[PDB]
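Only one chain is given next, in structure tokens, and it is the form deposited in one PDB entry.
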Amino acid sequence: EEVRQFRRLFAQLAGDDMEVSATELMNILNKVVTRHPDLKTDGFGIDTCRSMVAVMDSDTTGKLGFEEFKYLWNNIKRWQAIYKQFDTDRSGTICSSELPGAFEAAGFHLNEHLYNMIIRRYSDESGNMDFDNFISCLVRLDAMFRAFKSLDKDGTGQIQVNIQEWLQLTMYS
């Protein structure tokens, strides 16, 4: 069922050029969250979807091919389940005290200073983070760890970069 069902829905979503644009990604994400009222959102905005695309676009076509889209989609599916699980008060949002458990359940063990920066950038003035912000934060975070690890194969904890490389890493995102 599900290998074939997935190919069907990628093909219908990707349309005539067989790749998923940021706009196509935006539309499907907004259509789907509408069927989960336990995921509170103000919507996936175009800018957030361009960022999710850029970060997942390994082969630099500007768009998401089948394998890139499948990796993204499978993460979103794991992460949405984690979001529901760690929303222990059923507010439909992840507050400051729920967040470390949720991120830790996604494989990230960050220090306090980083959680504080993330809360400033992505959560509201209550320290509450809604679903599109949470997804957007995790797609980026997972991509940044992966980028760094690709440049640090021997686990030195350091990478060395020139300006061209730096700009590629920080602006194609």
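Each form is matched to the other, and the largest set of C-alpha atoms that superpose within 1.5 Å is called the rigid core. A residue's number is simply how far along the shown sequence it sits, counting from 1.
Missing here is the form deposited in another entry; even so, the following discussion is about that form.
K.L.:
Core-aligned, is the CA shift for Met144 between this form and the one not shown 2 angstroms or more?
P.N.:
Stays below the 2 Å threshold, so no.
K.L.:
Does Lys70 move appreciably between this form and the one not shown, meaning a CA displacement of 2 Å or more on the superposed rigid core?
P.N.:
Comparing forms between this form and the one not shown, the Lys70 CA shifts below 2 Å.
K.L.:
Does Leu13 shift between this form and the one not shown by 2 angstroms or more at the C-alpha, the core having been superposed?
P.N.:
The answer is yes, as the C-alpha of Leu13 shifts between this form and the one not shown by 2 Å or more after core alignment.
K.L.:
Quick one: with a 3 Å or larger change, is the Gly43 to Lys77 CA distance smaller or larger in that other deposited form? Answer closer or farther.
P.N.:
Compared with this form, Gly43 and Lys77 lie closer in that other deposited form.
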